[PDB]
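Below is one structure, written out as structure tokens, with a few remarks after it.
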């Protein structure tokens, strides 16, 4: 999110040592069965558009090292509707899905 | 590489509305239309609205002209990525059009890297690769008999 | 932005709907015979199927 | 019939005229964006393979 102090959501503070490292987000990678798409980060928390996947597999690139993290979690994406797609299309009717926001406020 | 100035001189890298452009519907220059997972050889012919190939003027198929602004940007192809369920393999580009060896995939998902930004484009299309034969593989092997498949060329002429 | 399945092929018969049908993805079809006898039906359809 | 074999029916390859019962039905594009919903049966040449 912001740095240690005050600026720019699109920077990147993890812990290295006992210490933070509040620097740029350059090469984040969430992924699953396929590489996901980031949606937004705020705080400890990231939203990302993923396909289905038996697992979840996350990781940035500090620059000297890959330094990723991975986990098990059953994932699916049924769209709301009597159609059991695997993925959202470009067209079709709109109807009341459940979904997370882009925003922070 | 200088025999299709029909397209090159006279066509520009078009920009259209990509459907799920990372976030949602952007307007990418590489907006994907006419996905054709209709051959057999692990290959798809795609049209970007972007016209990569030679530059604006005259040189080097392996450069990269999309639209940024009203304007082109005829520069290097450095980090193209077509992909599907897995990352594809490029085969060749000419004009608006790219051929790439892909595996099966519910979708098709394309994108280069300008360098400051990922700037990709993605689309739905039912893809499969049956090889021709009474064997229903998922992928072409290294060996086996040769027999008359349907497939797209490497070439431009 | 959400789903939509290709339109059906309506076919007439005597008090009977033949429906040659051909979806994109598994589609849950269902009905309600509006008599006080409901007699509904449910079936996910992914394989194209002429139903009745 | 559309979807069934021979949804496209051209006399030969050169023949510009044909018969295309594909049940091609355009729908309106969504939410004020440029595109073309074409709702169509994939071919009876797709099936038949």
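Inter-part distance, chain D to segment B:1-50, computed on C-alpha centroids, equals 21 Å.
Report, as a whole number in µm² per second, the diffusion coefficient that Stokes-Einstein gives for the protein assembly as shown at 4 °C and 1.567 mPa s using the Kirkwood radius over alpha carbon pairs.
Translational diffusion coefficient: 54 µm²/s.
The ranking of C:4, B:10, D:26 by Cβ neighbour count inside 10 Å, starting from the fewest, reads B:10, D:26, C:4. Counting Cβ atoms of other protein chains within 10 Å of each Cβ in A:91-97 and taking the mean gives 6. Across all Cα atoms of chain D, the radius of gyration (one decimal) and Dmax (whole number) stand at 13.7, 41 Å. The order of B:74, D:15, A:40, going from fewest to most other C-beta atoms within 10 Å of their C-beta, is D:15, A:40, B:74.
Exposure proxy ranking for A:5, C:24, A:54, based on other Cβ atoms within 10 angstrom of each Cβ and starting from the fewest, stands as A:5, A:54, C:24. For segment D:21-49, the residues whose amide N sits under 18 Å from a probe point set 7 Å from the Cα of residue B:134 along the beta carbon direction are D:49.
Projecting label points 7 angstrom from Cα along Cα→Cβ for residue C:17 and residue A:19 puts them 7.0 nm apart. Spatially, segment A:66-105 and segment B:76-125 are offset by 22 Å when compared through their Cα centroids.
Converting the Cα gyration tensor eigenvalues of segment A:1-95 into ellipsoid dimensions via √(5λ) gives semi-axes, longest first, of 31, 16, 10 Å.
For segment B:81-133, divide the Cα radius of gyration by the Kirkwood radius and give the resulting Rg/Rh value with two decimals. Each step should come with its number before you reach the end.
Numbers: Rg = 12.2 Å, Rh = 12.0 Å.
Ratio of gyration radius to Kirkwood radius for segment B:81-133: 1.01.
Calculated mean residue ellipticity, 222 nm, the protein assembly as shown: 0 deg cm²/dmol, from DSSP H runs (n ≥ 4) at -39500 (n - 2.57) each, averaged per residue and rounded to 500. In plain terms, the bigger the Kirkwood radius, the slower the diffusion; for segment B:4-157, with that radius from Cα pairs, at 4 °C and 1.567 mPa s, Stokes-Einstein puts D at 81 µm²/s.
According to the calculation over all Cα-Cα pairs in chain C, the P(r) per 10 Å bin from zero is 21, 50, 25, 3 %. Label zone (residue B:147, point 7 Å along Cα-to-C-beta; backbone nitrogen cut-off 19 Å) within segment D:8-49: D:48-49.
Tell me the label-point distance for the pair residue C:28, residue A:11, using the 7 Å Cα-to-Cβ offset, in nm and rounded to one decimal. Rounded to a tenth, the inter-label distance reads 4.8 nm. In plain terms, if you count all Cα to Cα distances in segment A:33-77 and split them into 10 Å steps from zero, the share in each step is 24, 54, 21, 1 percent. Would you mind giving the mean number of other chain beta-carbons within 10 Å of the Cβ of each residue in D:38-47, as a whole number? Mean shielding by partner chains, rounded to a whole number: 3.
All Cβ positions, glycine included, derive from the backbone under ideal geometry; neighbour counts span all protein chains shown. A short reminder: the numbers here are calculations on the coordinates, not readings from a lab.
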